[PDB]
Peer 1: 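Sharing a structure with you now.
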Number of protein chains: 4
Amino acid sequence: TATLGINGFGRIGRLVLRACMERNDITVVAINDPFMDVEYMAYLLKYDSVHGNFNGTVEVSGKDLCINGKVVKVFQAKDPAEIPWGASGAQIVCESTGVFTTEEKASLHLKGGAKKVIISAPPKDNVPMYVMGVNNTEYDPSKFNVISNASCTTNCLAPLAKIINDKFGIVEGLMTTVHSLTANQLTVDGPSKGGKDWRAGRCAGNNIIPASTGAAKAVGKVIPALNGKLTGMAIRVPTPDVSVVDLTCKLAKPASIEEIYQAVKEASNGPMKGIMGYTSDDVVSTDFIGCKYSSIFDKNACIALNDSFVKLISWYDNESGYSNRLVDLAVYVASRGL
Amino acid sequence: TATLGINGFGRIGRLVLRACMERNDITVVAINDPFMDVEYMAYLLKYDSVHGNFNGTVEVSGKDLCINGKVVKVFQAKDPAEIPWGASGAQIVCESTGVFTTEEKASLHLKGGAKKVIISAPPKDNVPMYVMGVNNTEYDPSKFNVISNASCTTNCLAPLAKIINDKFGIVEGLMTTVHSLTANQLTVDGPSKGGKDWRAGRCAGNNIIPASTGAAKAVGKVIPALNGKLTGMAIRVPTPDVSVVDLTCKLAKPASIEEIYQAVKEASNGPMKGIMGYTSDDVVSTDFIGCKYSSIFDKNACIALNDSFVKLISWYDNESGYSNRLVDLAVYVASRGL
Amino acid sequence: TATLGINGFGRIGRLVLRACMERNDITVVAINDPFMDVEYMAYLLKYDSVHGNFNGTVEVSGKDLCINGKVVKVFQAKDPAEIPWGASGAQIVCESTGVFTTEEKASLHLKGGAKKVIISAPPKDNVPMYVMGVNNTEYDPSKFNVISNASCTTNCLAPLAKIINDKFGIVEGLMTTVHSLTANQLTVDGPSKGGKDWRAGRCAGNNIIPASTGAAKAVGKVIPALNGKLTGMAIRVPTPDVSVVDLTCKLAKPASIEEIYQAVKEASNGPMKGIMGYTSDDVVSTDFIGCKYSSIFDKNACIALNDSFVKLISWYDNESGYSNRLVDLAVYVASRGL
Amino acid sequence: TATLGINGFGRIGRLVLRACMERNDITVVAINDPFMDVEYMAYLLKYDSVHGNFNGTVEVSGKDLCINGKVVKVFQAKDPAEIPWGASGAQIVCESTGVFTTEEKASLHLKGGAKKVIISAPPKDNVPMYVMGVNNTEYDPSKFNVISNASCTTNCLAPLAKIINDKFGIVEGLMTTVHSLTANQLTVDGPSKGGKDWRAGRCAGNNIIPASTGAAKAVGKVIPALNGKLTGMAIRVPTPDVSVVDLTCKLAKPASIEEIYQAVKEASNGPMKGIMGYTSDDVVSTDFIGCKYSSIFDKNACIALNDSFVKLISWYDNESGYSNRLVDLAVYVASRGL
Ligand SMILES: NC(=O)c1ccc[n+]([C@@H]2O[C@H](COP(=O)([O-])OP(=O)(O)OC[C@H]3O[C@@H](n4cnc5c(N)ncnc54)[C@H](O)[C@@H]3O)[C@@H](O)[C@H]2O)c1
Ligand SMILES: NC(=O)c1ccc[n+]([C@@H]2O[C@H](COP(=O)([O-])OP(=O)(O)OC[C@H]3O[C@@H](n4cnc5c(N)ncnc54)[C@H](O)[C@@H]3O)[C@@H](O)[C@H]2O)c1
Ligand SMILES: NC(=O)c1ccc[n+]([C@@H]2O[C@H](COP(=O)([O-])OP(=O)(O)OC[C@H]3O[C@@H](n4cnc5c(N)ncnc54)[C@H](O)[C@@H]3O)[C@@H](O)[C@H]2O)c1
Ligand SMILES: NC(=O)c1ccc[n+]([C@@H]2O[C@H](COP(=O)([O-])OP(=O)(O)OC[C@H]3O[C@@H](n4cnc5c(N)ncnc54)[C@H](O)[C@@H]3O)[C@@H](O)[C@H]2O)c1
């Protein structure tokens, strides 16, 4: 049974813990976050403005947390090397602070005794990215101690792109993701951290905000065959959670929406079960809150100009789907020997 | 000077009036709306959650309105034929009820003394559509008494599509328009008007909602050369006003974003002055509230996969841009003889 | 087991059905709504932006619905007297259309064979109002066949006022309820249904909107001793669900927030179990979505100027609390003999 | 002509500058904000998600700004003592960083050459607070070099309380302010800066959030006669700007809503012109965006239980009203002798 330690108990960090609490093949044993006292952590875990009250019990036991009768050690270290993961028995660390996305920084968790590290975001350097159901079996435990679970958008696009490319072939594609807001955004017009993404610093509650994303490009690394064939952008909107991918692509072989739908269905019911999903109902974003799939094809919203040029629509709970995939990755990593 | 009569004093009708009050080449002489007393009409004109207080004075004078010292006759006819446009001195009628989108119905305004009628939406029949700066000069007064100003989305896409197709040639394109809130969506999950668009009946305040749009095809009627080369859809988000068009297309001639940008700029400073606009700043939706342009190219938001496959982003205040275009068309129609 | 018929399959009608599906002492056997196709009814029950997916199975069976393998008859009678409640086996009717709020109209259901009717709103005439945990045992089956479950605001305020008045005595009080959005409001500035409340017709998504409410005075009828001692108003804000009562009162007997808290605690763990609740945590509105309590005291939000002038804060999921109470009342009504 | 220097170019700092640009008796000569490049500053002044595009011109000149022709020196000092106010010719400094709310920290501006300092918030120590139209004439230049313009909420309540206390006398009162969000709140559930106000760290876009505020008590300092007679709390909501005060008070002398209205009317058209305002229209929050009044009485929203127990409703653009008052205070200070 793999043990997990969480650094950065934020949106992703807390949902990863919630996912672990629902499984018997992985146990959370420690959490670190310098911006939260143990009482604050208990509070943020218990209540969620999007996913409801925690399904179980949360209590402070001395300096630590007692979640569902299990003891979870708490730390407040500003630097990863200062967290006693080993002494705590944490084998794999979910690096979800958003501030240590390189091998150099993320590897600091190793000094602390961790055996493996999973960055909950695409890396800034060459750390390998894996997407469950697409290329995770490529992971080599003898070569990597620090890996990446990519982004929420890449986890939505990769599985779909794989299915389409395998069956029909993607000549070229452009993507736009209408994405719900994130912690990086601001409630009122203000300066963005580091003064880089100016648009991201504009009132999140009343603006449609164009944004950059490397998700489409990253798919070209997770699926080499698609290198240089995809690129995209993002549009941030006021909703608290759930996003949607709009993939416009030219196919190498003709395909109707019905045929694309059938290909997605065969994949979802077989090799990508639990990862790729689909629907034919008149859904809207809130219907996916809490959905654990990485990508859900919206049949009725897809459109096609002709048999080779189509626009595919796929939903994803950027918080829930991604967190469950990170947990799946952690379990997979454990199964391959730490 | 042309005199205008407004049927349906809704979001569009009211903005059209506000636009006229600012111009000397056109005067609003009458308003008709059976769903609101004169007192309520005055209230709706003086206060607006998106465009602010009315710039001027608004008084109730008997059964009519005194706006900026001018008399505006008010009527509560339910049937377009019962409205005394001629007696009021109304030459052109702005048909903005959204219920008379056919020449048969819309033509009823002529039985009241009105000479011309402009439907503030795409017609359900064969009524000709005109987009200012694109095909309005094709209008012939001796052949049509009832015309259409198309839709807000069409007025944003058509200008852009024309510049791009003229300069580089559009082989095929797919559009997605992210729309702000409209008068059809619901505040809470409830029955849709007609029980046809189920998604549109879902809570608009906390949902991303896929929707249909005929704009892409309408552009194929406004610009015959693009007939059958475009199609699209919409995605509604919880913002009060301002929308954006995401146009993904394959070009005939290779073109960089810089060149596309330069081409828009030339048209914007020339044959489409006041219609086509452009920006290179990190703008967000709220920056366009009140903007009178039909379409505003967002240079930094555009992205290109190759020199022949690009995604263009263009903003448009779905209310202000469109309304001002309808008044421009009214003025144009009058300049051609009634 | 008591059987329920639902007239008006709106927000309340649907949640009433969801509430019944979880209980074994009451079953919905029929639904009537002439402005909603069964296919759409199935859709609205299956999906909800606020309460999530329906916990169970909903299928269209001919012209009726099959819910959890049970046939629920569906009608389209615009006139209550035309609904075959009796033939359908419906004993008690949940009148939730919002248009038959008088004894004259509501009693038409009796012509259809129903034995009792519960109006899901305060009546326009003198139909008796009952609030579970407050005055429902005053219901006399031999004298009334038509009753009212009052309003969501009243169900929140009445239990709290009863506790405070019983223990300390309320000399006089003023209430303000901050309400989350409801169907009544509009997504954009426009005419209100009836043209009475101009403010209510303003854009609900970006406005704080003052409004009227008779809940404070209704409490004076539900609790006679408080007649003439309470009055109040409402303030609508752009949040999807869950509201809060802000009660400012002068007490006849001195009391600290701690003692008021204990009094509420006693009631909540005693005579008002499942009706009145309480919390000492730093909660926010979303933490109550789905909560079945009628009123939840927020200890930390309460404030006192002195020992006899206090401001008490109580939360309520205006949809979930109210609906579960209506069902409780239906079960209570049946237990008293039909 | 008074000169102004601004430290903390945030919501208030930028609106203070905007207010100045519209006046001929005061000029901004310098701005300091370490989290903004001169280009970023130009951008944030040029665009505003709530108050629209800047009315005038803004260009980067070397390392400074050129606003409407006037040159404005730009600094990036994190430590107040390091800002060369004196050399820049800035006489009065607007301390709007939100982090230097004490005489000790704020007075550090004097070391740079500034002559007077105004903290744009209530102080954490004994720095005197002044509310234009209420007690600003009690200012004494020979006594203080550092003063406070109190809070936005206090500027709304103080004028109203003074009028009511002067005319009828306030026995006791409890206040609740429904407040739009601020920069302190978060877009998604997270840890509040400092680990204090936990509720303030909950998703701002979809929650009704109770909060503390010393504004009511502060009124007791600005109006000694009211010390110990008022207190209150706040309720934060998703709107970007504009707030409303709900004052429930017991009057020493009986008074009707009409009489209270007349008293505010007299004050508004007399001693408090430009400060206290009133309305009898069906207004909503957006109608006050850009309003320069400190407090606007909503006659129709007020309600009374008796002749001595009333609930008064008063609006205020927390950003615009306050900023203009701060500028009014700066001019008043200059007129007293620097
Ligand atoms: N929000 C999403 O839907 C989503 C989806 C996929 C991936 N991600 C990625 O996951 C990461 C976290 O995202 P999030 O949305 O949960 O952000 P968040 O802001 O909600 O949480 C980040 C946490 O990091 C903590 N933190 C900051 N510095 C720290 C330090 N030195 N040590 C330990 N903790 C520290 C913060 O206190 C916070 O609790 C980011 O890299 C993000 O891009 C986010
Ligand atoms: N909202 C937009 O941004 C936008 C943009 C482009 C085009 N349009 C089109 O413009 C039209 C109006 O849109 P809107 O958003 O202003 O709608 P709206 O709901 O705000 O107003 C419609 C008005 O029609 C009135 N009406 C109904 N029957 C009438 C009758 N018989 N005579 C006179 N008035 C009558 C209503 O009382 C109402 O005031 C629609 O056809 C719409 O599709 C809207
Ligand atoms: N929304 C709340 O949180 C809440 C809380 C307490 C009380 N209430 C009250 O409950 C009632 C219903 O509220 P709601 O939000 O569900 O309304 P709603 O607008 O969501 O639904 C009303 C339903 O009435 C139906 N209807 C109209 N005429 C009908 C007829 N002749 N026969 C059958 N159905 C008919 C409509 O088709 C619709 O489905 C109202 O009186 C309301 O004031 C609502
Ligand atoms: N927002 C309101 O409606 C309102 C109303 C009344 C009073 N106030 C008070 O005004 C102050 C500012 O409020 P705001 O909403 O504009 O905040 P804000 O977050 O919008 O702006 C604060 C600015 O301070 C800057 N800053 C931080 N440290 C600095 C430093 N060392 N030197 C110079 N600048 C620095 C930030 O970069 C930012 O631009 C606070 O004290 C607040 O409580 C705000």
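Below, all heavy atoms of this structure are taken into account, side chains as well, without hydrogens, waters or symmetry copies. Whatever order the structure lists them in is the order used to number ligands and atoms, beginning at 1. In the text below, chain A, chain B and the rest are named by the order of the sequence lines, each starting its count at 1.
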Peer 1: Looking at B:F100, which atoms of ligand 2 are within less than 4.0 Å of one of its heavy atoms?
Peer 2: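 Within the 4.0 Å cut-off of B:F100, ligand 2 contributes 31 (N).
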Peer 1: Using a plain distance cutoff, I'd like to know if D:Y322 has any nitrogen or oxygen under 3.5 Å from a nitrogen or oxygen of ligand 4.
Peer 2: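 Min N/O separation from ligand 4 is not below 3.5 Å for D:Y322.
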Peer 1: Just go through D:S320, D:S120, D:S180, D:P34 and tell me whose heavy atom is the nearest to atom 11 (C) of ligand 4.
Peer 2: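 Checking each option, the heavy atom nearest atom 11 (C) of ligand 4 is found in D:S120.
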Peer 1: Hey, does the side chain of D:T154 reach the backbone of D:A215 with a donor-acceptor pair shorter than 3.5 angstrom?
Peer 2: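 The answer is yes, because a donor-acceptor pair under 3.5 Å joins these two groups.
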Peer 1: At less than 4.0 angstrom from any non-hydrogen atom of B:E319, what atoms of ligand 2 do you find?
Peer 2: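 It comes down to these atoms of ligand 2: 3 (O).
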Peer 1: Would B:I12 count as being in polar contact with ligand 2, using the rule that some N or O on each side must be under 3.5 angstrom apart?
Peer 2: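 Yes: some nitrogen or oxygen of B:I12 is under 3.5 Å from one in ligand 2.
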Peer 1: Touching ligand 4 at all, D:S243? Heavy atoms, strictly under 4.0 Å?
Peer 2: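 So D:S243 does not count as touching ligand 4.
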Peer 1: Which is it for D:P80 and ligand 4 at heavy atoms under 4.0 Å: side chain, backbone, both or neither?
Peer 2: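 No part of D:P80 comes within reach of ligand 4.
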Peer 1: Can you name the closest pair of heavy atoms from C:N324 and C:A19 and give their distance?
Peer 2: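 Heavy-atom minimum between the residues: OD1-CB, 3.8 Å.
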Peer 1: Only heavy atoms of D:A77, strictly under 4.0 Å: list the atoms of ligand 4 that pass.
Peer 2: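 Answer for ligand 4: 32 (N).
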Peer 1: Verify the distance criterion only: is there a donor paired with an acceptor across the side chains of C:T153 and C:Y316 at less than 3.5 Å?
Peer 2: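 A donor-acceptor contact under 3.5 Å links the two side chains.
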Peer 1: Using a 3.5 Å distance criterion without hydrogens, assess whether the side chain of B:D37 forms a donor-acceptor pair with backbone atoms of B:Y40.
Peer 2: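 Between the backbone of B:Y40 and the side chain of B:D37 there is no qualifying donor-acceptor contact (under 3.5 Å).
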Peer 1: Mind checking whether B:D33 has an N or O less than 3.5 Å away from an N or O of ligand 2?
Peer 2: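 Right, the criterion is met.
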Peer 1: Geometry only, no angles: is D:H179 polar-contacting ligand 4 at N/O separations under 3.5 Å?
Peer 2: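 N/O-N/O distance below 3.5 Å does not exist for this pair.
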Peer 1: Which ligand 4 atoms, with their elements, are less than 4.0 angstrom from a heavy-atom of D:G98?
Peer 2: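 Once the distances to D:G98 are compared, the set is 40 (C), 41 (O).
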Peer 1: I'd like to know whether CZ of B:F35 has more than 12 heavy-atom contacts from other residues, nucleotides or ligands below 6.0 angstrom.
Peer 2: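 Incorrect, the count does not exceed 12.
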Peer 1: May I ask you to identify the nearest protein heavy atom to atom 34 (N) of ligand 2, giving residue, atom name and distance to one decimal place in Å?
Peer 2: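 Scanning the protein heavy atoms, the shortest distance from atom 34 (N) of ligand 2 goes to B:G8 CA, 3.2 Å.
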Peer 1: Hey, does C:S96 sit under 4.0 Å from ligand 3 if you only count heavy atoms?
Peer 2: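 Yes; C:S96 lies near enough to ligand 3 that a heavy-atom distance drops under 4.0 Å.
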Peer 1: Considering B:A183, C:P191, B:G321, which one's heavy-atom position lies nearest to atom 19 (O) of ligand 2?
Peer 2: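 Selected option, by shortest heavy-atom distance: B:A183.
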Peer 1: Hey, is the main chain of C:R202 close enough, under 3.5 Å, to the side chain of C:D189 for a donor-acceptor pair?
Peer 2: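 Not confirmed, C:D189 side chain does not pair with C:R202 backbone.
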Peer 1: Between B:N318 and B:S243, does any side-chain donor sit less than 3.5 Å from a side-chain acceptor?
Peer 2: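 A donor-acceptor contact under 3.5 Å links the two side chains.
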Peer 1: Closest heavy-atom contact between B:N155 and B:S294?
Peer 2: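 Between these two residues, the closest heavy atoms are O-CB, 3.2 Å.
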Peer 1: Does C:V99 come within less than 4.0 Å of ligand 3, judged by its heavy atoms?
Peer 2: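 Under 4.0 Å: no for C:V99.
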Peer 1: May I ask whether D:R14 places a heavy atom under 4.0 Å from ligand 4?
Peer 2: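 Checking ligand 4 against D:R14, which is what was asked, there is no heavy-atom contact under 4.0 Å.
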Peer 1: Do you know which of D:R14, D:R11, D:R325 makes salt bridge (charged side-chain N to carboxylate O under 4.0 Å, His left out) with D:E319?
Peer 2: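 Option passing the salt bridge (charged side-chain N to carboxylate O under 4.0 Å, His left out) with D:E319: D:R11.
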Peer 1: Numbering the atoms of ligand 4 from 1, which are under 4.0 Å from a heavy atom of D:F35?
Peer 2: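 That gives atoms 27 (C), 28 (N), 37 (O) of ligand 4.
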Peer 1: Considering only heavy atoms of B:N32, which atoms of ligand 2 have at least one such atom less than 4.0 Å away?
Peer 2: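 Those of ligand 2 that fall under 4.0 Å from B:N32 are 32 (N), 33 (C), 34 (N).
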Peer 1: Using a strict 4.0 Å cut-off to heavy atoms of C:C152, name the atoms of ligand 3 that fall inside it.
Peer 2: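 It comes down to these atoms of ligand 3: 5 (C), 6 (C).
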Peer 1: Which ligand 3 atoms does C:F9 reach within 4.0 Å, using its non-hydrogen atoms?
Peer 2: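 By the 4.0 Å cutoff, the relevant atoms are 39 (O).
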Peer 1: Identify the two heavy atoms, one from B:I6 and one from B:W85, that lie closest to each other, and give their separation to 0.1 Å.
Peer 2: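 Shortest heavy-atom contact: O-CH2, 3.6 Å.
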Peer 1: Quiz question: by atom type and distance under 3.5 Å, do the side chains of D:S323 and D:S320 form a donor-acceptor pair?
Peer 2: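 Note: D:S323 and D:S320 side chains miss the donor-acceptor criterion.
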Peer 1: Are C:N149 and C:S120 close enough that a side-chain donor and a side-chain acceptor fall under 3.5 Å?
Peer 2: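 No, no side-chain donor-acceptor pair sits under 3.5 Å.
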Peer 1: Is there a nitrogen or oxygen of B:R11 sitting under 3.5 Å from a nitrogen or oxygen of ligand 2?
Peer 2: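 Min N/O separation from ligand 2 is below 3.5 Å for B:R11.
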Peer 1: Out of all atoms in ligand 3, which are within 4.0 Å of some heavy atom of C:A121? Include the element for each.
Peer 2: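 Taking each heavy atom of C:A121 in turn, ligand 3 has 41 (O) under 4.0 Å.
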Peer 1: So, B:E82 side chain and B:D79 main chain: donor-acceptor pair closer than 3.5 Å or not?
Peer 2: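 Side chain of B:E82 to backbone of B:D79, a donor-acceptor pair under 3.5 Å: no, none is there.
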Peer 1: Where is the tightest heavy-atom contact between D:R18 and D:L45, given as atom of each residue plus distance?
Peer 2: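 Closest approach of D:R18 to D:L45: NH2-O, 3.0 Å.
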Peer 1: May I ask whether B:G190 places a heavy atom under 4.0 Å from ligand 3?
Peer 2: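 Outside the 4.0 Å threshold, so no.
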Peer 1: Considering non-hydrogen atoms of the protein only, which is the closest contact for atom 1 (N) of ligand 4, and what is the distance?
Peer 2: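 Ranked first by proximity to atom 1 (N) of ligand 4 is D:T182 CG2, 4.1 Å.
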Peer 1: To check your reading of the model: name the closest protein heavy atom to atom 3 (O) of ligand 4, its residue, and the distance in Å.
Peer 2: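 Residue, atom and distance for the closest contact: D:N318 ND2, 3.0 Å.
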Peer 1: Near D:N7, which atoms of ligand 4 are under 4.0 Å from a heavy atom of that residue?
Peer 2: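 Going through ligand 4 atom by atom, the ones under 4.0 Å from D:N7 are 32 (N), 33 (C).
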Peer 1: Check the pair D:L181, D:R236 against side-chain contact (heavy atoms from CB on, under 4.5 Å), reporting the backbone distance first and the verdict last.
Peer 2: CA-CA 6 Å; D:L181 46 72; D:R236 306 207 190 74; 5.8 Å; no
Peer 1: For atom 21 (O) of ligand 3, is the nearest protein heavy atom under 4.0 Å away?
Peer 2: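 There is a protein heavy atom less than 4.0 Å from atom 21 (O) of ligand 3.
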Peer 1: Give the minimum heavy-atom separation between D:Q76 and D:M36, together with the two atoms involved.
Peer 2: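 Answer, listing the atom of D:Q76 first, then D:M36: NE2-O, 2.7 Å.
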Peer 1: Ligand 4 and D:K78, any nitrogen or oxygen pair closer than 3.5 angstrom?
Peer 2: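 Min N/O separation from ligand 4 is below 3.5 Å for D:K78.
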Peer 1: Using a 4.0 Å cut-off to any heavy atom of B:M36, which atoms of ligand 2 qualify?
Peer 2: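 Contacts of ligand 2 toward B:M36, numbered from 1: 39 (O).
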Peer 1: Taking N or O atoms only and a 3.5 Å limit, does A:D189 qualify as a polar contact for ligand 4?
Peer 2: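 Looking only at distances, the answer is no, because the N/O contact criterion of under 3.5 Å is not met.
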Peer 1: If you take the nearest heavy atom of each of B:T97, B:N155, C:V188, which one is closest to atom 26 (N) of ligand 2?
Peer 2: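 Going through B:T97, B:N155, C:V188 one by one, B:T97 has the nearest heavy atom to atom 26 (N) of ligand 2.
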Peer 1: Minimum heavy-atom separation for B:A77 to B:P34, with atom names?
Peer 2: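 In terms of heavy atoms, the two residues are closest at O-CD, 3.1 Å.
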Peer 1: If we ignore angles and hydrogens, is there a donor and acceptor under 3.5 Å between the side chains of B:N7 and B:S96?
Peer 2: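 Short answer, no.
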